[PDB]
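Chemist: Below is the file protein-v5.json, which contains JSON, C-alpha atoms.
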```
[["chain", "number", "residue", "atom", "x", "y", "z"],
["V", 146, "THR", "CA", -10.18, -7.47, -0.65],
["V", 147, "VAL", "CA", -13.37, -8.70, 1.03],
["V", 148, "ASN", "CA", -13.78, -12.47, 1.05],
["V", 149, "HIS", "CA", -17.07, -14.37, 1.14],
["V", 150, "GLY", "CA", -16.55, -17.63, 3.00],
["V", 151, "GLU", "CA", -19.25, -19.99, 4.21],
["V", 152, "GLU", "CA", -20.98, -21.51, 7.18],
["V", 153, "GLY", "CA", -18.33, -23.66, 8.83],
["V", 154, "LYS", "CA", -15.56, -22.71, 6.39],
["V", 155, "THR", "CA", -12.29, -21.23, 7.61],
["V", 156, "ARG", "CA", -11.41, -17.60, 6.92],
["V", 157, "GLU", "CA", -8.38, -16.70, 4.82],
["V", 158, "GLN", "CA", -6.34, -13.56, 5.46],
["V", 159, "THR", "CA", -7.56, -10.73, 3.24],
["V", 160, "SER", "CA", -5.02, -8.37, 1.72],
["V", 161, "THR", "CA", -4.62, -5.20, 3.75],
["V", 162, "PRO", "CA", -5.29, -1.84, 2.04],
["V", 163, "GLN", "CA", -2.27, -0.16, 0.47],
["V", 164, "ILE", "CA", -1.05, 3.39, 1.08],
["V", 165, "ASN", "CA", 0.60, 5.56, -1.57],
["V", 166, "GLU", "CA", 2.85, 8.55, -0.93],
["V", 167, "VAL", "CA", 3.08, 11.44, -3.40],
["V", 168, "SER", "CA", 6.32, 13.40, -2.98],
["V", 169, "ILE", "CA", 5.37, 16.93, -4.07],
["V", 170, "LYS", "CA", 8.81, 18.53, -4.20],
["V", 171, "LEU", "CA", 9.25, 22.30, -4.16],
["V", 172, "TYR", "CA", 11.31, 23.90, -6.91],
["V", 173, "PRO", "CA", 12.21, 27.61, -7.25],
["V", 174, "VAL", "CA", 10.76, 29.27, -10.34],
["V", 175, "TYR", "CA", 13.31, 32.07, -10.26],
["V", 176, "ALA", "CA", 13.51, 35.23, -12.35],
["V", 177, "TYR", "CA", 16.93, 36.89, -12.63],
["V", 178, "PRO", "CA", 16.58, 39.85, -15.03],
["V", 179, "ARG", "CA", 19.90, 41.70, -15.32],
["V", 180, "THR", "CA", 18.66, 45.25, -15.93],
["V", 181, "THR", "CA", 21.23, 48.00, -16.31],
["V", 182, "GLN", "CA", 21.50, 50.87, -13.87],
["V", 183, "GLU", "CA", 21.34, 53.05, -17.00],
["V", 184, "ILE", "CA", 17.67, 52.24, -17.63],
["V", 185, "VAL", "CA", 16.68, 52.76, -13.99],
["V", 186, "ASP", "CA", 18.46, 56.10, -13.61],
["V", 187, "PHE", "CA", 17.74, 57.58, -17.06],
["V", 188, "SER", "CA", 14.08, 56.63, -17.42],
["V", 189, "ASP", "CA", 11.27, 58.42, -15.60],
["V", 190, "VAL", "CA", 9.12, 55.27, -15.78],
["V", 191, "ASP", "CA", 10.77, 53.79, -12.65],
["V", 192, "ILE", "CA", 11.29, 50.56, -14.57],
["V", 193, "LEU", "CA", 12.00, 48.56, -11.39],
["C", 338, "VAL", "CA", -31.21, -8.70, 3.65],
["C", 339, "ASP", "CA", -29.22, -7.76, 6.75],
["C", 340, "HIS", "CA", -29.09, -9.26, 10.23],
["C", 341, "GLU", "CA", -30.08, -7.67, 13.53],
["C", 342, "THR", "CA", -26.41, -7.52, 14.57],
["C", 343, "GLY", "CA", -25.54, -5.86, 11.26],
["C", 344, "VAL", "CA", -21.79, -5.40, 11.00],
["C", 345, "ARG", "CA", -19.79, -6.94, 13.83],
["C", 346, "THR", "CA", -16.16, -6.03, 14.53],
["C", 347, "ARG", "CA", -13.96, -8.24, 16.71],
["C", 348, "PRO", "CA", -10.54, -6.61, 17.15],
["C", 349, "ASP", "CA", -8.60, -9.80, 17.82],
["C", 350, "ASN", "CA", -5.79, -8.48, 20.01],
["C", 351, "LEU", "CA", -4.84, -11.71, 21.79],
["C", 352, "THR", "CA", -4.34, -14.52, 19.31],
["C", 353, "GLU", "CA", -1.39, -13.64, 17.12],
["C", 354, "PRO", "CA", 0.67, -11.57, 19.59],
["C", 355, "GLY", "CA", 2.28, -8.57, 17.99],
["C", 356, "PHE", "CA", -0.64, -8.50, 15.54],
["C", 357, "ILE", "CA", -4.05, -6.85, 15.65],
["C", 358, "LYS", "CA", -6.26, -9.12, 13.55],
["C", 359, "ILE", "CA", -9.34, -7.03, 12.90],
["C", 360, "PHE", "CA", -12.25, -9.33, 12.03],
["C", 361, "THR", "CA", -15.14, -7.35, 10.56],
["C", 362, "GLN", "CA", -18.06, -9.26, 9.08],
["C", 363, "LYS", "CA", -21.52, -8.41, 7.80],
["C", 364, "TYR", "CA", -24.23, -10.91, 6.89],
["C", 365, "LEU", "CA", -25.44, -9.84, 3.45],
["C", 366, "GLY", "CA", -28.18, -11.36, 1.33],
["C", 367, "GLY", "CA", -29.65, -10.40, -2.03],
["C", 368, "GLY", "CA", -32.44, -11.87, -4.12],
["C", 369, "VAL", "CA", -34.69, -10.84, -6.98],
["C", 370, "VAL", "CA", -38.11, -10.92, -5.32],
["C", 371, "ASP", "CA", -40.92, -10.40, -7.82],
["C", 372, "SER", "CA", -38.73, -10.44, -10.94],
["C", 373, "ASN", "CA", -41.60, -8.76, -12.81],
["C", 374, "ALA", "CA", -40.55, -5.53, -11.03],
["C", 375, "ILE", "CA", -37.07, -5.34, -12.66],
["C", 376, "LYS", "CA", -36.19, -5.09, -16.36],
["C", 377, "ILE", "CA", -32.74, -5.31, -17.94],
["C", 378, "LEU", "CA", -31.42, -3.69, -21.13],
["C", 379, "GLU", "CA", -28.27, -4.94, -22.87],
["C", 380, "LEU", "CA", -27.24, -2.12, -25.20],
["C", 381, "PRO", "CA", -25.11, -2.96, -28.25],
["C", 382, "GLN", "CA", -21.52, -3.34, -27.08],
["C", 383, "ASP", "CA", -20.01, -1.18, -29.85]]
```
Starting from the file, lay out its structure as structure tokens.
Modeler:
Amino acid sequence: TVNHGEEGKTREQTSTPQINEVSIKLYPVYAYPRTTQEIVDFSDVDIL
Amino acid sequence: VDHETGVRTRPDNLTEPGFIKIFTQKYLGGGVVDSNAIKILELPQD
């Protein structure tokens, strides 16, 4: 806040600015595809 | 309207010990000189 006051009028304590803290947590977006060894070995696509 | 000093900052670092009381003040003035040179329009509030 910014106060106005006057000539010869005492000055009140203005409220100090506030600070906010955003906690951006990290979280693992994992992929766990259980492919069989059958597909990898049999196919010529190299499915990995 | 501003003053020649403009904005003055007095970093009060003596009076309340353990406290920096920053005192920053600017002398500001504002008046409608020649009101014929400004026009207002109050649109419907809706």
Chemist: Would you mind listing, as a count of residues only, all residues of chain V that have at least one atom within 10 Å of chain C, where only C-alpha atoms are what counts?
Modeler: 5
Chemist: Work out how far apart CA of residue 159 in chain V and CA of residue 359 in chain C are and give it in Å to one decimal.
Modeler: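 That distance, rounded to one decimal, is 10.5 Å.
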Chemist: Take CA of residue 192 in chain V and CA of residue 179 in chain V and report the distance between them in Å, one decimal.
Modeler: 12.4 Å
Chemist: Using Å and a single decimal, report how far CA of residue 157 in chain V sits from CA of residue 366 in chain C.
Modeler: 20.8 Å
